[PDB]
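Here the protein sequences come in this chain order: A and B.
In the entry's author numbering, each residue's number is its place in the first sequence (first place is 1) plus 367.
In the entry's author numbering, each residue's number is its place in the second sequence (first place is 1) plus 367.
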Amino acid sequence: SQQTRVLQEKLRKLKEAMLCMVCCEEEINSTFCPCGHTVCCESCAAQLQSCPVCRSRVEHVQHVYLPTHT
Amino acid sequence: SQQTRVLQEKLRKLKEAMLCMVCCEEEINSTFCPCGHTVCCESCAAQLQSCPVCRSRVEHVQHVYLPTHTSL
Ligand SMILES: C[C@H]1COCCN1C(=O)Cn1ccc(C(F)(F)F)n1
Ligand SMILES: [Zn+2]
Ligand SMILES: [Zn+2]
Ligand SMILES: [Zn+2]
Ligand SMILES: [Zn+2]
Numbered sequence: 368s369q370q371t372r373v374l375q376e377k378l379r380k381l382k383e384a385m386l387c388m389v390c391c392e393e394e395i396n397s398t399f400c401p402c403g404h405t406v407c408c409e410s411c412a413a414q415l416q417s418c419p420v421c422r423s424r425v426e427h428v429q430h431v432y433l434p435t436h437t
Numbered sequence: 368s369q370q371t372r373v374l375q376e377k378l379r380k381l382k383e384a385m386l387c388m389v390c391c392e393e394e395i396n397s398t399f400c401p402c403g404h405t406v407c408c409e410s411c412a413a414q415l416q417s418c419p420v421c422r423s424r425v426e427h428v429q430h431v432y433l434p435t436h437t438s439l
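Structure below.
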């Protein structure tokens, strides 16, 4: 039904919000510290000197294990 | 259809995986450091001396800003 299409859309959008903002291909699993923006996979987070969201300096990257990880 | 009910269940499970494993009421927005388990809201994470997933001591809690975050 049309309701099935609406639910399919919500699921797709939520899953896309879990992907890296830089490569769009890998799951987010890294946090820029101390700002806390958690928007990248490990490979894209590795070379950023400043946070791509708020421009704060990245002192280090913390790896994150999320229950949503698939 | 039956597929509507199946998608409703997948959406419910995905939304529940984004809620605190301790209170089940607030969104996950905190990471236990250094282990990295990100399973609680800030209120539950502030009350734990050891990680509830791996039992490592919590040196500190890092707040996380996730693109999935929701709010009224
Ligand atoms: C990814 C796996 C295997 O590598 C190291 C240990 N791992 C985890 O801790 C995965 N994990 C279990 C529970 C969670 C949780 F934090 F998301 F709940 N992540
Ligand atoms: Zn990436
Ligand atoms: Zn930032
Ligand atoms: Zn909680
Ligand atoms: Zn842990």
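We treat Cβ as the ideally placed atom computed from N, Cα and C, and that holds for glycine.
- Per DSSP, the continuous beta strand (DSSP E) segment holding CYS400 of chain A begins and ends at 397-400.
- Cβ neighbours of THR398 of chain B within its own chain (closer than 6 Å, five residues either side excluded): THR405, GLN429, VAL431.
- Taking the beta carbon of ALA384 of chain A as reference, the chain B residues within 7 Å of it are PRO434, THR435, listed in sequence order.
- Spatial neighbours of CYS421 of chain A in its own chain (CB-CB distance under 8 Å, excluding positions within 5 residues in sequence) are listed in chain order as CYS402, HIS404.
- Ranked by Cα distance from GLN416 of chain B, the options B:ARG372, B:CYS408, B:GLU426, B:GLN375 are led by B:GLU426.
- Scanning chain A for C-beta atoms nearer than 7 Å to the C-beta of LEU374 of chain B yields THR371, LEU374, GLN375, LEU378, reported in chain order.
- When the alpha-carbon of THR437 of chain A is set against those of A:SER410, A:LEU386, A:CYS418, the nearest one is in A:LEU386.
- For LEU381 of chain A, the nearest CB of chain B lies under 8 Å from its own CB, placing it at the interface with that chain.
- Around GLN429 of chain A, the beta-carbon contacts reaching into chain B at under 7 Å are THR398, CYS400, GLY403, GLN429.
- Excluding its 5 nearest sequence neighbours in each direction, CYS408 of chain B has C-beta neighbours in its own chain below 7 Å: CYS387, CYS390, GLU393, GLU394, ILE395, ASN396, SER397, listed in chain order.
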